[PDB]
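Enquirer: So I've got this file, coords-v7.txt, and it contains compact mmCIF, C-alpha atoms and all ligand atoms:
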```
# COMPACT_ATOMS: atom_id res chain seq x y z
CA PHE E 60 -115.25 263.34 -14.14
CA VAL E 61 -116.73 264.55 -17.45
CA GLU E 62 -114.52 262.12 -19.41
CA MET E 63 -116.07 259.18 -17.48
CA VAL E 64 -119.72 260.18 -17.92
CA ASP E 65 -121.66 258.04 -20.41
CA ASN E 66 -118.93 255.37 -20.62
CA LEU E 67 -121.29 252.40 -20.18
CA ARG E 68 -123.32 250.70 -22.92
CA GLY E 69 -125.37 247.52 -23.37
CA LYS E 70 -128.54 245.81 -24.52
CA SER E 71 -131.53 245.66 -22.15
CA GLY E 72 -131.36 242.59 -19.91
CA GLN E 73 -127.88 241.60 -21.11
CA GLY E 74 -125.63 243.63 -18.75
CA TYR E 75 -123.81 246.96 -18.86
CA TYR E 76 -120.26 247.04 -20.25
CA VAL E 77 -117.28 249.41 -20.22
CA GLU E 78 -114.53 249.63 -22.83
CA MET E 79 -111.18 248.36 -21.53
CA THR E 80 -107.80 247.71 -23.10
CA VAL E 81 -105.58 244.71 -22.42
CA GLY E 82 -101.94 244.19 -23.47
CA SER E 83 -99.26 246.18 -25.30
CA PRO E 84 -100.18 247.62 -27.76
CA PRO E 85 -103.70 248.00 -26.31
CA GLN E 86 -106.39 245.55 -27.44
CA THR E 87 -109.88 246.99 -26.93
CA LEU E 88 -112.57 244.74 -25.43
CA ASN E 89 -116.05 245.40 -24.08
CA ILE E 90 -116.20 244.26 -20.48
CA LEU E 91 -119.31 243.49 -18.37
CA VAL E 92 -119.40 245.64 -15.22
CA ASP E 93 -120.19 243.20 -12.40
CA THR E 94 -120.40 244.19 -8.72
CA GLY E 95 -121.55 240.61 -7.96
CA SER E 96 -118.21 238.87 -8.71
CA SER E 97 -114.46 239.36 -8.29
CA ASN E 98 -112.53 238.08 -11.32
CA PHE E 99 -111.32 239.96 -14.36
CA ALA E 100 -111.84 237.41 -17.13
CA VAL E 101 -111.86 237.83 -20.90
CA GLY E 102 -112.60 235.67 -23.94
CA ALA E 103 -109.17 234.50 -25.13
CA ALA E 104 -110.14 231.98 -27.83
CA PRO E 105 -112.68 231.84 -30.68
CA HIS E 106 -116.33 231.49 -29.71
CA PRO E 107 -119.48 231.67 -31.88
CA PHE E 108 -120.67 234.73 -29.89
CA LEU E 109 -117.33 236.60 -30.00
CA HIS E 110 -116.26 238.90 -32.85
CA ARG E 111 -112.92 239.41 -31.11
CA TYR E 112 -110.91 238.10 -28.17
CA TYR E 113 -107.77 238.75 -26.13
CA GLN E 114 -104.77 237.64 -28.19
CA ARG E 115 -102.07 237.02 -25.56
CA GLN E 116 -99.45 236.37 -28.24
CA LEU E 117 -99.88 239.91 -29.56
CA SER E 118 -98.99 241.41 -26.17
CA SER E 119 -95.34 242.11 -25.35
CA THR E 120 -96.31 242.67 -21.69
CA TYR E 121 -98.33 239.49 -21.12
CA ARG E 122 -97.07 237.11 -18.41
CA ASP E 123 -98.42 233.58 -17.93
CA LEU E 124 -99.03 232.66 -14.27
CA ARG E 125 -98.88 228.93 -15.14
CA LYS E 126 -102.10 228.30 -13.23
CA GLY E 127 -105.56 227.38 -14.52
CA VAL E 128 -108.92 228.57 -13.21
CA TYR E 129 -112.31 226.87 -13.37
CA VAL E 130 -115.47 228.78 -12.47
CA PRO E 131 -118.73 226.81 -12.33
CA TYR E 132 -122.15 228.30 -11.59
CA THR E 133 -125.85 227.48 -12.06
CA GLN E 134 -126.18 225.98 -15.57
CA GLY E 135 -122.73 227.03 -16.86
CA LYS E 136 -119.00 227.62 -16.46
CA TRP E 137 -116.05 229.58 -17.70
CA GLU E 138 -112.48 228.34 -17.49
CA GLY E 139 -109.01 229.23 -18.66
CA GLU E 140 -105.51 230.31 -17.82
CA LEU E 141 -104.35 232.92 -15.30
CA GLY E 142 -101.84 235.60 -16.29
CA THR E 143 -101.06 239.27 -15.87
CA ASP E 144 -100.96 242.13 -18.35
CA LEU E 145 -101.30 245.89 -18.61
CA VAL E 146 -104.90 247.14 -18.41
CA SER E 147 -106.53 250.54 -18.90
CA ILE E 148 -110.01 252.06 -19.15
CA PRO E 149 -109.98 254.52 -22.13
CA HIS E 150 -112.97 256.45 -20.76
CA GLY E 151 -111.86 256.12 -17.13
CA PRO E 152 -108.89 257.29 -15.09
CA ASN E 153 -105.73 258.24 -16.97
CA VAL E 154 -103.76 255.28 -15.60
CA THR E 155 -102.45 251.86 -16.65
CA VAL E 156 -102.11 248.97 -14.22
CA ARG E 157 -100.82 245.41 -14.22
CA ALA E 158 -103.77 243.23 -13.27
CA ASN E 159 -104.57 239.56 -13.08
CA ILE E 160 -106.49 238.45 -16.18
CA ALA E 161 -108.18 235.09 -16.60
CA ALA E 162 -107.92 234.12 -20.24
CA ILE E 163 -111.16 232.24 -20.93
CA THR E 164 -110.36 229.33 -23.24
CA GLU E 165 -113.56 227.29 -22.70
CA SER E 166 -117.06 228.22 -21.55
CA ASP E 167 -120.65 227.00 -21.36
CA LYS E 168 -123.56 229.46 -21.26
CA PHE E 169 -121.30 232.36 -20.28
CA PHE E 170 -121.24 234.64 -23.33
CA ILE E 171 -124.56 236.04 -24.56
CA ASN E 172 -125.35 236.29 -28.28
CA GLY E 173 -125.63 239.99 -29.16
CA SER E 174 -124.68 241.40 -25.74
CA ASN E 175 -121.57 242.93 -27.36
CA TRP E 176 -119.32 242.11 -24.37
CA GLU E 177 -116.27 239.83 -24.45
CA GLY E 178 -115.31 239.66 -20.76
CA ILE E 179 -116.30 240.38 -17.18
CA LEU E 180 -114.98 242.88 -14.65
CA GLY E 181 -115.67 241.59 -11.15
CA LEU E 182 -115.70 244.64 -8.86
CA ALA E 183 -116.43 242.76 -5.62
CA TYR E 184 -113.89 241.62 -3.02
CA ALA E 185 -111.10 239.02 -2.97
CA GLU E 186 -113.06 236.70 -0.65
CA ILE E 187 -115.17 235.50 -3.61
CA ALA E 188 -112.42 235.49 -6.28
CA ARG E 189 -111.51 232.24 -8.03
CA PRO E 190 -109.58 230.07 -7.63
CA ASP E 191 -109.12 231.65 -4.18
CA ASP E 192 -108.78 234.96 -2.33
CA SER E 193 -105.07 235.27 -3.17
CA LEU E 194 -105.96 236.29 -6.74
CA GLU E 195 -106.03 240.10 -6.38
CA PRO E 196 -109.14 241.60 -8.02
CA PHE E 197 -108.79 244.39 -10.59
CA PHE E 198 -109.97 247.29 -8.42
CA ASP E 199 -107.62 246.31 -5.60
CA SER E 200 -104.71 246.40 -8.08
CA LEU E 201 -105.85 249.76 -9.48
CA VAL E 202 -105.96 251.34 -6.01
CA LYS E 203 -102.63 249.85 -4.86
CA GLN E 204 -100.69 250.81 -8.03
CA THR E 205 -102.14 254.31 -8.59
CA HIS E 206 -103.39 257.34 -6.66
CA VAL E 207 -107.03 256.50 -7.58
CA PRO E 208 -109.29 256.85 -4.49
CA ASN E 209 -110.80 253.60 -3.25
CA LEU E 210 -114.32 254.29 -4.54
CA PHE E 211 -116.38 253.90 -7.69
CA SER E 212 -119.92 254.88 -8.57
CA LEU E 213 -122.48 253.59 -11.04
CA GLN E 214 -125.35 255.35 -12.81
CA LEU E 215 -127.23 252.72 -14.81
CA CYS E 216 -129.82 254.25 -17.13
CA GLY E 217 -132.67 251.97 -18.24
CA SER E 225 -138.07 246.09 -33.56
CA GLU E 226 -135.50 243.48 -34.63
CA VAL E 227 -132.98 244.24 -31.87
CA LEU E 228 -133.19 244.77 -28.08
CA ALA E 229 -133.24 248.29 -26.59
CA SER E 230 -129.88 250.04 -26.07
CA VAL E 231 -128.95 251.14 -22.57
CA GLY E 232 -126.33 253.56 -21.30
CA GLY E 233 -124.78 254.72 -18.07
CA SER E 234 -121.68 255.91 -16.26
CA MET E 235 -119.02 254.23 -14.18
CA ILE E 236 -117.13 256.94 -12.31
CA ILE E 237 -113.86 255.55 -10.96
CA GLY E 238 -112.26 257.34 -8.02
CA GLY E 239 -115.07 259.78 -7.33
CA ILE E 240 -118.63 261.06 -7.19
CA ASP E 241 -120.05 263.14 -10.05
CA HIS E 242 -122.74 265.54 -8.75
CA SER E 243 -124.40 265.91 -12.19
CA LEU E 244 -125.48 262.26 -12.04
CA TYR E 245 -127.88 262.72 -9.10
CA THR E 246 -130.29 265.09 -7.37
CA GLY E 247 -131.21 265.49 -3.71
CA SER E 248 -129.65 263.65 -0.79
CA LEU E 249 -127.01 260.91 -0.90
CA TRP E 250 -127.78 258.28 1.76
CA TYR E 251 -125.32 255.61 2.95
CA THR E 252 -125.85 252.04 4.12
CA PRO E 253 -122.98 250.02 5.67
CA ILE E 254 -121.26 247.24 3.79
CA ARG E 255 -121.93 244.46 6.30
CA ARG E 256 -119.00 242.35 5.12
CA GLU E 257 -116.52 242.74 2.29
CA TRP E 258 -117.19 239.80 -0.02
CA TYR E 259 -120.20 240.63 -2.13
CA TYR E 260 -121.39 244.21 -1.59
CA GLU E 261 -123.56 242.97 1.25
CA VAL E 262 -126.13 245.26 2.87
CA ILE E 263 -129.02 244.96 5.34
CA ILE E 264 -132.69 245.60 4.53
CA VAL E 265 -134.71 246.45 7.66
CA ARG E 266 -138.22 246.92 6.20
CA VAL E 267 -140.08 246.40 2.92
CA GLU E 268 -143.23 248.23 1.80
CA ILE E 269 -145.42 247.75 -1.28
CA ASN E 270 -147.56 250.84 -1.98
CA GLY E 271 -146.83 252.15 1.51
CA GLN E 272 -147.96 248.94 3.17
CA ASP E 273 -145.49 247.11 5.41
CA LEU E 274 -144.95 243.43 4.52
CA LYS E 275 -144.64 242.89 8.31
CA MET E 276 -142.15 240.03 8.09
CA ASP E 277 -139.36 239.28 10.56
CA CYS E 278 -136.68 241.49 9.03
CA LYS E 279 -134.15 238.63 8.91
CA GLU E 280 -136.37 237.18 6.16
CA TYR E 281 -135.39 240.17 3.96
CA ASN E 282 -131.72 239.20 4.23
CA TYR E 283 -131.98 235.42 4.08
CA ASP E 284 -129.36 234.36 3.40
CA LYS E 285 -127.82 237.73 2.38
CA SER E 286 -128.76 240.94 0.54
CA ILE E 287 -126.37 242.27 -2.09
CA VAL E 288 -126.04 245.15 -4.56
CA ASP E 289 -125.33 243.49 -7.93
CA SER E 290 -124.92 245.25 -11.30
CA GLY E 291 -124.48 241.77 -12.81
CA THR E 292 -128.07 240.71 -12.14
CA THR E 293 -130.92 242.15 -14.23
CA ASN E 294 -133.78 241.58 -11.79
CA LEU E 295 -134.75 242.43 -8.29
CA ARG E 296 -134.47 238.97 -6.76
CA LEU E 297 -136.20 238.26 -3.47
CA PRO E 298 -136.05 235.31 -1.04
CA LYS E 299 -138.91 232.85 -1.61
CA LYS E 300 -141.15 234.01 1.27
CA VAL E 301 -140.55 237.68 0.53
CA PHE E 302 -141.12 237.15 -3.22
CA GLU E 303 -144.48 235.46 -2.48
CA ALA E 304 -145.64 238.30 -0.21
CA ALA E 305 -144.50 240.92 -2.75
CA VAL E 306 -146.26 239.18 -5.66
CA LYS E 307 -149.49 238.92 -3.64
CA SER E 308 -149.38 242.65 -2.81
CA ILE E 309 -148.54 243.74 -6.40
CA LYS E 310 -151.28 241.46 -7.81
CA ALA E 311 -153.81 242.99 -5.42
CA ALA E 312 -152.92 246.58 -6.40
CA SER E 313 -153.06 245.81 -10.14
CA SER E 314 -156.16 243.58 -9.83
CA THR E 315 -158.16 245.41 -12.56
CA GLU E 316 -155.88 243.51 -14.94
CA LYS E 317 -155.85 239.72 -14.95
CA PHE E 318 -152.44 238.60 -16.20
CA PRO E 319 -151.46 234.97 -16.89
CA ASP E 320 -149.37 233.07 -14.32
CA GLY E 321 -146.55 233.20 -16.89
CA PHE E 322 -146.27 236.97 -16.43
CA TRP E 323 -145.63 236.80 -12.67
CA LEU E 324 -143.00 234.12 -13.34
CA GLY E 325 -141.19 236.39 -15.82
CA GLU E 326 -141.96 233.93 -18.64
CA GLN E 327 -144.47 236.01 -20.61
CA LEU E 328 -144.93 239.59 -21.74
CA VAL E 329 -148.05 241.70 -21.13
CA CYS E 330 -148.95 244.49 -23.54
CA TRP E 331 -151.00 247.66 -23.89
CA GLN E 332 -151.64 249.88 -26.91
CA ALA E 333 -148.68 252.28 -27.38
CA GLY E 334 -148.61 254.99 -24.71
CA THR E 335 -151.60 253.69 -22.73
CA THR E 336 -149.75 251.63 -20.06
CA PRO E 337 -151.74 252.07 -16.79
CA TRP E 338 -148.65 252.77 -14.63
CA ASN E 339 -150.86 253.97 -11.76
CA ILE E 340 -152.35 250.52 -11.09
CA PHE E 341 -148.87 249.19 -10.24
CA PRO E 342 -147.54 250.01 -6.74
CA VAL E 343 -144.20 251.53 -5.70
CA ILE E 344 -141.79 249.27 -3.81
CA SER E 345 -139.75 250.64 -0.90
CA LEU E 346 -136.71 248.94 0.57
CA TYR E 347 -135.52 250.44 3.87
CA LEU E 348 -131.75 250.08 4.28
CA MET E 349 -129.84 250.20 7.57
CA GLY E 350 -128.39 253.67 8.18
CA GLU E 351 -124.86 254.56 9.26
CA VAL E 352 -126.43 255.48 12.63
CA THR E 353 -127.57 252.42 14.69
CA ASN E 354 -131.34 253.03 14.90
CA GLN E 355 -131.69 254.85 11.58
CA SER E 356 -132.74 253.70 8.14
CA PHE E 357 -133.50 255.33 4.80
CA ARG E 358 -135.72 254.04 2.02
CA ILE E 359 -135.16 253.64 -1.67
CA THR E 360 -138.39 253.59 -3.62
CA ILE E 361 -138.72 252.24 -7.15
CA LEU E 362 -141.52 252.53 -9.69
CA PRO E 363 -143.18 250.00 -12.05
CA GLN E 364 -141.09 251.76 -14.71
CA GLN E 365 -138.14 249.99 -13.05
CA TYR E 366 -139.62 246.53 -12.33
CA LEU E 367 -141.54 246.18 -15.61
CA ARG E 368 -138.91 245.86 -18.36
CA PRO E 369 -139.77 247.07 -21.90
CA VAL E 370 -139.46 244.42 -24.63
CA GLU E 371 -140.44 245.28 -28.21
CA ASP E 372 -142.45 242.56 -29.94
CA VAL E 373 -142.05 241.92 -33.68
CA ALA E 374 -145.55 240.40 -33.97
CA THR E 375 -147.10 243.50 -32.36
CA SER E 376 -144.78 246.52 -32.76
CA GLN E 377 -147.65 248.97 -32.15
CA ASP E 378 -147.97 247.77 -28.54
CA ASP E 379 -145.86 248.49 -25.47
CA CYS E 380 -144.95 245.14 -23.93
CA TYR E 381 -143.38 244.36 -20.55
CA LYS E 382 -141.62 241.61 -18.63
CA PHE E 383 -142.06 241.36 -14.85
CA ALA E 384 -138.53 241.75 -13.53
CA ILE E 385 -138.92 240.67 -9.90
CA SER E 386 -138.00 237.00 -9.41
CA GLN E 387 -137.57 234.35 -6.73
CA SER E 388 -134.18 233.68 -5.16
CA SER E 389 -132.76 230.87 -2.98
CA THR E 390 -129.53 232.80 -2.35
CA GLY E 391 -130.92 235.97 -0.75
CA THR E 392 -131.99 239.40 -1.97
CA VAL E 393 -130.32 240.69 -5.10
CA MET E 394 -130.62 244.42 -5.78
CA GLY E 395 -129.95 244.13 -9.50
CA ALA E 396 -130.30 246.48 -12.45
CA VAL E 397 -134.04 246.86 -11.61
CA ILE E 398 -133.06 248.57 -8.34
CA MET E 399 -129.91 250.32 -9.56
CA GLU E 400 -131.60 251.97 -12.56
CA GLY E 401 -133.50 254.18 -10.09
CA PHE E 402 -130.37 255.53 -8.48
CA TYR E 403 -126.83 256.79 -8.52
CA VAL E 404 -125.03 254.15 -6.48
CA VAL E 405 -121.74 254.91 -4.72
CA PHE E 406 -119.50 251.96 -3.88
CA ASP E 407 -117.47 253.68 -1.16
CA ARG E 408 -114.99 250.92 -0.36
CA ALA E 409 -112.72 253.28 1.62
CA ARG E 410 -115.50 253.93 4.13
CA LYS E 411 -117.16 250.47 3.90
CA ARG E 412 -120.52 251.86 2.77
CA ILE E 413 -122.85 252.09 -0.22
CA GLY E 414 -124.53 255.37 -1.15
CA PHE E 415 -127.86 255.89 -2.93
CA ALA E 416 -129.30 259.06 -4.46
CA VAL E 417 -132.06 259.67 -7.02
CA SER E 418 -130.54 259.23 -10.50
CA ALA E 419 -130.63 262.16 -12.92
CA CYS E 420 -131.49 259.58 -15.64
CA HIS E 421 -134.19 257.37 -14.01
CA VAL E 422 -137.41 256.64 -15.94
CA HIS E 423 -140.52 258.15 -14.31
CA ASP E 424 -143.84 259.90 -15.01
CA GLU E 425 -145.51 263.18 -13.96
CA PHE E 426 -147.15 261.58 -10.90
CA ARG E 427 -144.42 259.54 -9.17
CA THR E 428 -140.63 259.39 -9.00
CA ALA E 429 -137.96 256.99 -7.73
CA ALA E 430 -136.95 258.35 -4.31
CA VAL E 431 -134.30 258.21 -1.60
CA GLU E 432 -135.74 259.40 1.71
CA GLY E 433 -134.73 259.55 5.37
CA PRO E 434 -133.99 259.31 8.15
CA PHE E 435 -136.42 256.84 9.66
CA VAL E 436 -135.63 256.08 13.27
CA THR E 437 -136.73 252.93 15.07
CA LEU E 438 -136.55 252.72 18.87
CA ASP E 439 -134.43 249.68 19.84
CA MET E 440 -133.76 248.46 16.27
CA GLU E 441 -133.49 244.66 15.90
CA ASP E 442 -130.60 242.86 14.17
CA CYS E 443 -131.90 242.10 10.67
CA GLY E 444 -128.74 240.28 9.56
CA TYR E 445 -128.67 236.57 8.85
CA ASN E 446 -125.73 234.43 9.90
CA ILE E 447 -124.98 231.80 7.24
CA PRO E 448 -124.42 228.37 8.90
CA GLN E 449 -120.70 227.63 8.98
CA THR E 450 -119.65 224.55 7.02
CA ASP E 451 -116.64 222.50 8.08
CA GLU E 452 -115.19 223.27 4.61
CA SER E 453 -115.22 227.02 5.28
CA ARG E 454 -114.17 226.64 8.92
CA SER E 455 -111.10 224.56 8.02
CA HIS E 456 -109.66 227.32 5.79
CA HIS E 457 -106.65 229.12 7.23
CA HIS E 458 -106.40 232.84 6.53
CA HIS E 459 -102.73 233.84 6.63
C1 LIG W 501 -122.33 233.64 -13.85
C2 LIG W 501 -121.17 234.66 -13.94
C3 LIG W 501 -119.81 233.98 -13.69
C4 LIG W 501 -119.64 233.60 -12.19
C5 LIG W 501 -119.97 234.79 -11.24
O1 LIG W 501 -121.24 235.36 -11.58
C6 LIG W 501 -121.35 235.82 -12.93
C7 LIG W 501 -122.64 236.64 -13.17
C8 LIG W 501 -123.91 236.10 -12.47
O2 LIG W 501 -124.29 237.11 -11.52
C9 LIG W 501 -123.39 238.13 -11.60
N1 LIG W 501 -123.46 239.07 -10.65
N2 LIG W 501 -122.42 237.90 -12.48
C10 LIG W 501 -122.89 236.82 -14.67
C11 LIG W 501 -123.91 237.71 -15.10
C12 LIG W 501 -124.18 237.90 -16.48
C13 LIG W 501 -125.24 238.78 -16.86
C14 LIG W 501 -126.30 238.25 -17.64
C15 LIG W 501 -127.38 239.10 -18.00
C16 LIG W 501 -127.38 240.45 -17.55
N3 LIG W 501 -126.38 240.94 -16.79
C17 LIG W 501 -125.35 240.13 -16.45
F1 LIG W 501 -124.39 240.69 -15.71
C18 LIG W 501 -123.44 237.16 -17.44
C19 LIG W 501 -122.43 236.27 -17.02
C20 LIG W 501 -122.15 236.09 -15.64
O3 LIG W 501 -121.16 235.21 -15.26
NI NI W 502 -102.15 227.60 8.60
```
Written as structure tokens, that's how I'd like the structure from this file.
Ligand SMILES: C[C@]12CCCO[C@@H]1[C@]1(COC(N)=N1)c1cc(-c3cccnc3F)ccc1O2
Ligand code: NI

Expert:
Amino acid sequence: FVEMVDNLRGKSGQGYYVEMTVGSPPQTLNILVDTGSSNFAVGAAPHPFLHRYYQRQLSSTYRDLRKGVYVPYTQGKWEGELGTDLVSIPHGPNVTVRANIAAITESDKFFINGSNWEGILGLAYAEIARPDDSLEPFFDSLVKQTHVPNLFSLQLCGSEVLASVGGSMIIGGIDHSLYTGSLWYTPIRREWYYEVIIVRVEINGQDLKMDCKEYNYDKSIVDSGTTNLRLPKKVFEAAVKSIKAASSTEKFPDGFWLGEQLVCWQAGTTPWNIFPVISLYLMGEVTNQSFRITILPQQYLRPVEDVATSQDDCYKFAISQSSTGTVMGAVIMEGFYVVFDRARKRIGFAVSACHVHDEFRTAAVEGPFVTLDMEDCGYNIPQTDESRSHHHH
């Protein structure tokens, strides 16, 4: 999969994107790679943050579906018109498919100034597609229309402009050059988000000792479309307390722990060793087994270059509170080669050949850990009448 290696780009904290083409003749757009959503949607009208957009009128193969779509979220929305057109990934498989495309005609706090992407590729399942689960997601169409295996894998690699990032999205396979050591699999609990189960959390080798359901309240997901490691309120509080205690030689402002303020050291003198490793134990394929993924401060402290002090190394704390469960975002994924094995309903982790580390510690993937009579760590989201009333024909 040499032709697919190094096909992702982006700016730190602003998402990873892949080049895609839409229409006939092909119109190139940069598309956010998002395992936390399920729509393929592209800017299709002028916007202050867009240099270019999908021009449906220029495409001989465009078909209007005569249906609108409206997608609200916390402090924003995108909306537009549904259609289909021919889509390819220039640095991906040598195939062209007819996919659903949402042509974004209006948005609020969707596009990001300077992110260099013009659309979003939702790689998650139909259950969370808008307007409903009958709108076939891109990857489903790709698999159904081509001989491409039902699997993709992601290797995300972490003064006036933000830092450039790179990575690989390998579609239809696993590239052995992108990882070292063992590849460990956790089950996809349910096909909507890429939902997984965390059975144990340690901070510098010390167990948080919480009821494991707390780790997955109200879900845990693997999400390339979220920058941070996001943790449920109670878990976040325990983690922050433990990390503060380890790094206690340094007294940072409250703003730092909230992700609202940078902390700096003189260039090259960052005391990495005062910050603890964080281990998340994920449910194994075998009932009473787990494996752990371990990340370093190099992953959860994000570099941000400061104009006012360019001779310092400055960092943002990239673990944040969630009210919608654990989110294993770019902070987690940058440690690892992550295999989204849809065919076998499982997610694989191995140490990334590109992860940032030092001479003392490394991001790790280790197992098995067996637990006699393992508890159920999964949370069952209370069923609303809304959800219950839906028929699924
Ligand atoms: C809010 C939605 C539209 C509705 C569905 O969720 C989308 C979301 C939020 O979380 C994920 N997984 N994708 C999303 C993430 C980013 C982003 C921003 C910064 C860095 N990386 C990114 F992916 C930008 C836009 C965006 O749009
Ligand atoms: Ni019915």

Enquirer: Smallest atom-to-atom distance to residue 330 of chain E: which of E:254, E:429, E:394, E:374, using only C-alpha atoms?

Expert: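 Once distances to residue 330 of chain E are computed over only C-alpha atoms, the minimum belongs to E:374.
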
Enquirer: Could you please determine the separation between atom CA of residue 131 of chain E and atom CA of residue 90 of chain E in Å, to one decimal place?

Expert: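 These atoms are spaced 19.4 Å apart.
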
Enquirer: For ligand LIG 501 (chain W), list the contacting residues at 6 Å or closer, counting all atoms listed in the file, as a PDB file with C-alpha atoms, keeping the file's coordinate frame.

Expert:
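The file below, result_25.pdb, is the result:
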```pdb
ATOM      1  CA  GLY E  72    -131.360 242.590 -19.910  1.00  0.00           C
ATOM      2  CA  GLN E  73    -127.880 241.600 -21.110  1.00  0.00           C
ATOM      3  CA  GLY E  74    -125.630 243.630 -18.750  1.00  0.00           C
ATOM      4  CA  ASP E  93    -120.190 243.200 -12.400  1.00  0.00           C
ATOM      5  CA  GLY E  95    -121.550 240.610  -7.960  1.00  0.00           C
ATOM      6  CA  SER E  96    -118.210 238.870  -8.710  1.00  0.00           C
ATOM      7  CA  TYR E 132    -122.150 228.300 -11.590  1.00  0.00           C
ATOM      8  CA  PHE E 169    -121.300 232.360 -20.280  1.00  0.00           C
ATOM      9  CA  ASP E 289    -125.330 243.490  -7.930  1.00  0.00           C
ATOM     10  CA  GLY E 291    -124.480 241.770 -12.810  1.00  0.00           C
ATOM     11  CA  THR E 292    -128.070 240.710 -12.140  1.00  0.00           C
ATOM     12  CA  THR E 293    -130.920 242.150 -14.230  1.00  0.00           C
TER      13      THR E 293
END
```

Enquirer: Can you tell me how far atom CA of residue 127 of chain E sits from atom CA of residue 182 of chain E, in Å to one decimal?

Expert: 20.8 Å

Enquirer: Please, which residues have at least one atom within 12 Å of an atom of ligand NI 502 (chain W), using all atoms listed in the file, listed as a count of residues only?

Expert: 5

Enquirer: Interatomic distance between atom CA of residue 332 of chain E and atom CA of residue 418 of chain E?

Expert: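 Atom-to-atom, atom CA of residue 332 of chain E to atom CA of residue 418 of chain E, that is 28.3 Å.
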
Enquirer: What's the 10 Å shell around residue 408 of chain E, counting all atoms listed in the file, without same-chain residues fewer than 2 positions away, as an MDAnalysis selection string?

Expert: chainID E and resid 183:184 208:211 254 257 260 405:406 410:413

Enquirer: Pick out the closest residue to residue 270 of chain E from this set: E:145, E:346, E:287, E:328. Count all atoms listed in the file.

Expert: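 Checking each of E:145, E:346, E:287, E:328 against residue 270 of chain E, counting all atoms listed in the file, the winner is E:346.
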
Enquirer: Any idea what's packed within 12 Å of residue 342 of chain E, counting all atoms listed in the file, ignoring anything in its chain fewer than 6 positions away? Could you give it as a PyMOL selection string?

Expert: chain E and resi 268-272+305-314+360-367+427-429

Enquirer: Which one is closest to residue 341 of chain E: E:170, E:104, E:315, E:179? Count all atoms listed in the file.

Expert: E:315

Enquirer: For each of E:167, E:241, E:78, E:441, take the minimum atom-to-atom distance to residue 356 of chain E, counting all atoms listed in the file, then give the residue where this is smallest.

Expert: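 Among the listed residues, the smallest separation from residue 356 of chain E belongs to E:441.
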
Enquirer: When distances are computed from only C-alpha atoms, which of E:285, E:157, E:168, E:150 shows the smallest separation from residue 136 of chain E?

Expert: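 Closest candidate: E:168.
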
Enquirer: Write out as lines of an AutoDock Vina configuration file an axis-aligned box for segment 394-405 of chain E: all of its atoms listed in the file, 3 Å added on each side, centre and edge lengths in Å with one decimal.

Expert:
```
center_x = -127.9
center_y = 250.5
center_z = -8.6
size_x = 18.3
size_y = 18.7
size_z = 13.8
```

Enquirer: Find the residue from E:304, E:440, E:290, E:216 that sits nearest to residue 245 of chain E; use all atoms listed in the file when measuring.

Expert: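 Ranking E:304, E:440, E:290, E:216 by distance to residue 245 of chain E, first place goes to E:216.
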
Enquirer: For residue 252 of chain E, find every residue with an atom within 9 Å (counting all atoms listed in the file), except residues of its own chain fewer than 3 positions away, and show them as JSON, numbers by chain.

Expert: {"E": [255, 262, 263, 348, 349, 350, 351, 356, 357, 411, 412, 413, 414, 415]}

Enquirer: Could you name the residues that touch residue 382 of chain E at 9 Å or less, counting all atoms listed in the file, but leaving out those on the same chain fewer than 6 positions away, as a PDB file with C-alpha atoms, keeping the file's coordinate frame?

Expert:
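As a result, out29.pdb now contains:
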```pdb
ATOM      1  CA  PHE E 322    -146.270 236.970 -16.430  1.00  0.00           C
ATOM      2  CA  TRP E 323    -145.630 236.800 -12.670  1.00  0.00           C
ATOM      3  CA  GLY E 325    -141.190 236.390 -15.820  1.00  0.00           C
ATOM      4  CA  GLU E 326    -141.960 233.930 -18.640  1.00  0.00           C
ATOM      5  CA  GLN E 327    -144.470 236.010 -20.610  1.00  0.00           C
ATOM      6  CA  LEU E 328    -144.930 239.590 -21.740  1.00  0.00           C
ATOM      7  CA  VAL E 329    -148.050 241.700 -21.130  1.00  0.00           C
ATOM      8  CA  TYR E 366    -139.620 246.530 -12.330  1.00  0.00           C
ATOM      9  CA  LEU E 367    -141.540 246.180 -15.610  1.00  0.00           C
ATOM     10  CA  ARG E 368    -138.910 245.860 -18.360  1.00  0.00           C
ATOM     11  CA  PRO E 369    -139.770 247.070 -21.900  1.00  0.00           C
ATOM     12  CA  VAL E 370    -139.460 244.420 -24.630  1.00  0.00           C
TER      13      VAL E 370
END
```

Enquirer: N, CA and C atoms are what I want for segment 380-384 of chain E; can you complete it accordingly and write them as a tab-separated table (two decimals), keeping the file's coordinate frame?

Expert:
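The result, stored in part21.tsv:
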```tsv
chain	number	residue	atom	x	y	z
E	380	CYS	N	-144.94	246.42	-24.62
E	380	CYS	CA	-144.95	245.14	-23.93
E	380	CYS	C	-143.89	245.07	-22.84
E	381	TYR	N	-144.22	244.37	-21.76
E	381	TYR	CA	-143.38	244.36	-20.55
E	381	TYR	C	-143.18	242.99	-19.94
E	382	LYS	N	-141.96	242.77	-19.45
E	382	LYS	CA	-141.62	241.61	-18.63
E	382	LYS	C	-141.56	242.02	-17.16
E	383	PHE	N	-142.11	241.17	-16.30
E	383	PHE	CA	-142.06	241.36	-14.85
E	383	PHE	C	-140.67	240.97	-14.38
E	384	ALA	N	-139.94	241.95	-13.86
E	384	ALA	CA	-138.53	241.75	-13.53
E	384	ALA	C	-138.22	241.64	-12.03
```
